[PDB]
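Asks: How does the following fold in three dimensions:
(2 chains, ligands or ions: 2)
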There are 2 protein chains.
Amino acid sequence: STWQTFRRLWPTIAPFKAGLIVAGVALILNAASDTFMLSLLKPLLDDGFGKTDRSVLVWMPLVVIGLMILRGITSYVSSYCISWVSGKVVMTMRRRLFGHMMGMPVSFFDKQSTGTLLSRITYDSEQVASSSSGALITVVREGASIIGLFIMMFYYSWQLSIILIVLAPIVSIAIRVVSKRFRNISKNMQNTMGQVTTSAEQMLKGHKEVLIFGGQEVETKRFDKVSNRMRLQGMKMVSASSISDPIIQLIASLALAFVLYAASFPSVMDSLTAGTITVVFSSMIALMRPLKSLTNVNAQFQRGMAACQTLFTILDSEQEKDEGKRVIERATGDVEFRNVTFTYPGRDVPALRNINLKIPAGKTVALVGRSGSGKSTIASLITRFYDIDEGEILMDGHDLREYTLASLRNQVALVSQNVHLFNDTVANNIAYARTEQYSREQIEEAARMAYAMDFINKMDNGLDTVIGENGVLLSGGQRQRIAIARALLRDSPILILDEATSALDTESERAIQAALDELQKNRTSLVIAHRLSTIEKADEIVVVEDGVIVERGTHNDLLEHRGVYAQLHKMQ
Amino acid sequence: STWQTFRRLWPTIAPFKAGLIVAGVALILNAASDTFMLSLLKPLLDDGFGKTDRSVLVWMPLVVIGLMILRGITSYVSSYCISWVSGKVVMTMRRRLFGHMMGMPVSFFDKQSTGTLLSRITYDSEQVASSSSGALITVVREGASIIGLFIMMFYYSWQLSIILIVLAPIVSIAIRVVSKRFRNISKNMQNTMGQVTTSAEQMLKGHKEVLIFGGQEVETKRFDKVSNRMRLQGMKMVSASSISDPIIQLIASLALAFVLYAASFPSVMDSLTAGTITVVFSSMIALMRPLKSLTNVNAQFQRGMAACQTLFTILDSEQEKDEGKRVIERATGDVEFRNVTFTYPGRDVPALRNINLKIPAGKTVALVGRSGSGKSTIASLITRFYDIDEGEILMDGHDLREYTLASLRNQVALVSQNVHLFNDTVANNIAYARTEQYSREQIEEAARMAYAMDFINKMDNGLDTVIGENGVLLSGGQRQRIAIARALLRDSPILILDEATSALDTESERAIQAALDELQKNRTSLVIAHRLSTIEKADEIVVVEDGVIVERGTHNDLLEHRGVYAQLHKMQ
Ligand SMILES: C[C@H](Oc1ccc2ccc(/C=C/C(=O)O)c(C3CC3)c2c1)c1c(Cl)ccc(Cl)c1F
Ligand SMILES: C[C@H](Oc1ccc2ccc(/C=C/C(=O)O)c(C3CC3)c2c1)c1c(Cl)ccc(Cl)c1F
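Replies: Numbering: from 1, shown residues only, chains lettered A, B, ... in the order given. Ligands and ions are numbered 1, 2, ... in the order given. The relevant structure is shown in the block below.
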């Protein structure tokens, strides 16, 4: 199943064919030069030696020098042009693949990790590029070499050529059966690999359990046995790998010796002089390598095309499905969660069960709970990063999923100290998507209201300073201030803040708190605060623990009573 | 700094020299056969053209076959013997390395995970073996080849030999400067490598942060720019390699052409016949790959030896130091922790601060706290898995660190459902540390008292059934029962159990609870229980939260009052 998916891959290189033609003529001319080198070397030098070498002997070195200059030039041109085509095609493939990955659910990003994801992407792209390019160049160049060497062989005493071509099927089938016999079964030695991995793993905390049990000699004996086993397995693998090649080499020498013995038959040395037999056998020795190269590159073609297929499968699986198609721009902000039921993949215990809550506009709602609880899940669900597994939430008389994903996600802004900064200038990062729609004067006024004047003055480039640099030049407080400024500039109707990830150990936090209060004063919001002042200033507080509401009552009455809530706040 | 650390490595193979000598004679004879092939081919073939064609032309195909049989036999023998030596030396090295890591503190097992430790060890061992073996075999074989081909060259018209040997220093410095010029530095492309990862992770979990911006076009443009840059960098690297190689090829051809033009000078064709020049040039061509490999193996030797050096550093780094040297076997069990202060590496907030507690013998102490709290750290410190950073704990009038590590860890037994199962038989895993000192009748009686009769009867081999199999054949309840049986058989004076990792969703738990109560009835212990019945049956309960005691009082009085503790138990 490779032809169909190679044909499907043709369009991404269809307009890129001038480089292919340039490489395809460069490689053919390269093989032609390679054959023509032997052509003008061996017979001319070994036949002009008979009282005529005075001219051809000094003629030869210039020919050799020019031929090698041509061969090197063609090699450089072909490699550079194939690299150009491969770079352009991987550029296009990476671009489309990243574009597809950006607009697809967050769960995929969760159940992979950034490092392994990007390693997969880049490594697989370069792998398919290298495999396909190598297969193409080897097929073209070595097929041209085989054709040229057969042409020269038939032009020089076709009898040896026909002997070789009739011996070819026997040698080929012998090599095929030997190679098939000498391929091992890689489905048993994994038991030893897994066993040693477990003994390292089940006996690390089990080393604590080995120390607790006191046994150290038993582990050494067990590792002795398993290491002896894996050493034996590896030695057997090396023995197979080293018994493979000499058999093929010996069969090749049987073929060459049979050809030489056929040459021993008379009536053909009459037309065969020293130069002719010399060039014929040199042609055979040169032809030795290309066939092995051809088989190995068919193998690597299959290998790389498998990776191309799995990359296509990765590109094809699902997307950001917009089943709603009921776009409602400029949402009023009627927030009310009901019948919330969702769980992480694989797990069978839902994070929330029949959770019901209301966050009316114009009122302040405080989210209080332990770190690592379901508050983060609820906040993510409010932004519809991951759709609720069960239940439905209706906003302003319409379902949350009914509204367009872009429309819903645009009306909500989340500000947190853990919001990383995009690798762009500070002015650019303040307007990550509204750079062209925001006036410079308005942005400057917002930044002045963002309490960033002290940071702007200290900046070398002021408001145009390049922020980011993998977080080396940006601090946590600066990142939080930039996030607050971005939220204020966006001025979304509903704001959900996650202060749990923030650290309270801040030297200067009063200004940040005042700025946050000013930003949240005009627009109603429900933030998960972690400060006593913010909790006290909240208009309404709902007690929810472990994704469930345990106590219901007025926030002011609960604060005045100072019961379980006060003790919990004092403890944490 | 390679000679000294290679000399330090000599003892591990010093007794192992018969295989080295066998390989060293096999490789020399292989190179001799390689030279002797061209030897008896070319001048004798020329003598065939001199009216002696029938005599030698039928004689060649048998010499060729015999020579290739000898070459293949020597290749197989040398590869097999070198593999045997390498396998045995890495066997010894792996054994010693595993023995060293067994007795060295726990933090290593944590700060590298099991995969990035064992893959490290196995890959590095096979890497150093392959690198050293390849360097040795290439140096010996290819030096023998160079010596033999120069011997033939001097034996046949030494003029060309001296003409090339005088050119060798000229060519070798040009090759050295050319190779250096194209040895690029990898200093800046990592910025793009990290930049693409930053761009991916910025909106991966920050799709809502991408939605905070509200657009994806900016991300697509940024990825366009960065992908163009990285494609250009890869283009430049490929171009550098593809201009590097043909320059050396062309310089080699200049050298060969100059040799041929020197042969064009008269007064030396008088002693040079067609076969002589043929074999001379064949030798010159054949030497091309040898010197390339001989010049390249330095890099591979260094690359392998660096991995060997870092393996030595890993084997050297610190140890399980027993600073106590005050072994007190058969401890009474006077448990009292005081001034406990310890933190994880890197962090600046200690897990516990001036923690003081007492667990007198003959009394039951219950450890109650939230999941993931400092109870696990306290339990680990009681077993001295990781020494306390600050403070001191005295047991039975002597410091905890004063007693021998083996002696201290032997007197304490930890039973939990997460206890890993050793890859051995059920009977073997029951006495994983004291199999030889345990009577069969006593083990059978303990197993009968272990409530394992139902599982033993269902086992195909009964008590001799092979447990483990990477946990496929063992269930969580069976693992917990086996751990309880092992603890009962050991019958340590002090038992610390971690029931937090256990799962309460067990179909049959009454028998396990009864067995645990029977095991803990005779010997006093302080276990971290998670069941209401176990908490109620506890003689003394201490309220500790966040590594600190908030409330102090009688357990019975607190239970009767049913205040904060009852509400916390009902909630969780
Ligand atoms: C008659 C024969 O043809 C063939 C036909 C299929 C082959 C498939 C694989 C390989 C090598 C695989 C490897 O090295 O792993 C060879 C060989 C030895 C060169 C093949 C030679 C032939 C040989 Cl045996 C020698 C020289 C010439 Cl010119 C030749 F045609
Ligand atoms: C004059 C030259 O000597 C030398 C001396 C050091 C070298 C170091 C490396 C390499 C290969 C590098 C690569 O392929 O990357 C070669 C070459 C071309 C064969 C070296 C040739 C020479 C040649 Cl051109 C032919 C035969 C002989 Cl006996 C010989 F000495």
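Asks: Please count neighbours and contacts with C-alpha atoms only from this point.
Replies: Fine.
Asks: can you confirm residue A:473 is in a strand?
Replies: No. Using DSSP: H, G, I helix; E, B strand; the rest coil, the secondary structure at residue A:473 is coil, not a strand.
Asks: roughly how far apart are the closest residue in space to it that isn't next to it in sequence and chain B?
Replies: Nearest residue to residue A:473 in three dimensions, chain neighbours excluded: residue A:467, at 7.0 Å (Cα to Cα, 6 or more residues apart in numbering or on different chains). Using Cα to the nearest Cα, to the nearest Å, residue A:467 is found at 13 Å from chain B.
Asks: Now do the contacts for residue A:467.
Replies: Contact analysis of residue A:467 by Cα atoms under 8 Å, 6 or more residues apart in numbering or on different chains lists A:421, A:422, A:423, A:424, A:425, A:426, A:429, A:473, A:474.
Asks: can you check residue A:362 too?
Replies: Neighbour list for residue A:362: A:523, A:524 [criterion: Cα under 8 Å, 6+ apart].
Asks: What's the local residue count around residue A:265?
Replies: The burial count assigned to residue A:265 is 12, neighbours taken as other Cα atoms under 10 Å in any protein chain shown.
Asks: Ligand 1 versus that one, what's the distance?
Replies: Counting by Cα to the nearest ligand atom, to the nearest Å, the gap from residue A:265 to ligand 1 is 19 Å.
Asks: How about the residues of the stretch 401-550 of chain A by chain B?
Replies: Within the stretch 401-550 of chain A, the residues that sit near chain B (Cα under 8 Å from any Cα of the partner chain) are A:406, A:409-410, A:412-414, A:419-423, A:431-434, A:470, A:487.
Asks: Buried ones among those?
Replies: With burial judged by 16 or more other Cα atoms under 10 Å in any protein chain shown, the buried subset of these is A:409-410, A:412-414, A:419-423, A:431-434, A:470, A:487.
Asks: quick revisit: between which two of the contacts of residue A:467 is the distance greatest?
Replies: A:429 and A:473 (14.1 Å; Cα to Cα).
Asks: May I see the buried residues of stretch A:296-314?
Replies: For stretch A:296-314, the buried set under the neighbour-count rule, 16+ other Cα under 10 Å, comprises A:297, A:298, A:300, A:301, A:304, A:305, A:307, A:308, A:309, A:311.
Asks: Show me what the helix or strand hosting residue A:482 is packed against.
Replies: Under DSSP states H and E, the secondary-structure element containing residue A:482 is helix A:476-490. Here helix A:476-490 is seen to pack against helix A:426-430, helix A:440-449, helix A:510-522 when contacts are counted using 3 or more Cα pairs under 8 Å, 6 or more residues apart in numbering or on different chains; DSSP states H and E.
Asks: Any idea which of those gets closest to ligand 2?
Replies: Minimum separation from ligand 2 across the helices and strands packed on helix A:476-490 (Cα to the nearest ligand atom) falls at helix A:426-430, 49.0 Å.
Asks: Residue A:250: what's it in contact with?
Replies: If you count contacts by Cα under 8 Å, 6+ apart, residue A:250 has them with B:65, B:68, B:69, B:72.
Asks: contacting residues for the second one?
Replies: It stands for residue B:68. When contacts are counted by Cα under 8 Å, 6+ apart, residue B:68 is found next to A:249, A:250, A:253.
Asks: Closest to the centroid, which residue in chain A?
Replies: In chain A, the C-alpha closest to the average C-alpha coordinate belongs to residue A:121, at a distance of 1.9 Å (Cα atoms, centre = their mean).
Asks: And residue A:429 and residue A:473? Which one has more around it.
Replies: Neighbours per residue (other Cα under 10 Å) separate residue A:429 from residue A:473, with residue A:429 holding more: 22 against 10.
Asks: secondary structure class for the closest residue to the more buried one other than its chain neighbours?
Replies: With Cα to Cα, 6+ apart as the criterion, residue A:429 has its nearest non-adjacent residue at 6.2 Å, and that residue is residue A:422. Secondary structure state of residue A:422, per three-state DSSP, is coil.
Asks: May I have the phi/psi pair for residue A:422?
Replies: phi -70, psi 150 (degrees, to the nearest 10).
Asks: Now do it against residue A:119, distance only.
Replies: Per Cα to Cα, to the nearest Å, residue A:422 is found 21 Å from residue A:119.
Asks: quick one on the thing from earlier: for the buried residues of stretch A:296-314, which one is nearest chain B?
Replies: Ranking those by separation from chain B, with Cα to the nearest Cα as the measure, puts residue A:311 on top at 17.4 Å.
Asks: wait, doesn't the closest one sit right on residue A:126?
Replies: No. Residue A:311 lies out of contact with residue A:126 (Cα atoms under 8 Å); the separation is 11.7 Å.
Asks: following the helix or strand encompassing residue A:257, which helix or strand comes up?
Replies: Following DSSP H and E, the helix or strand that holds residue A:257 is helix A:217-264. Moving toward the C-terminus from helix A:217-264, the first helix or strand encountered (DSSP H and E) is helix A:274-316.
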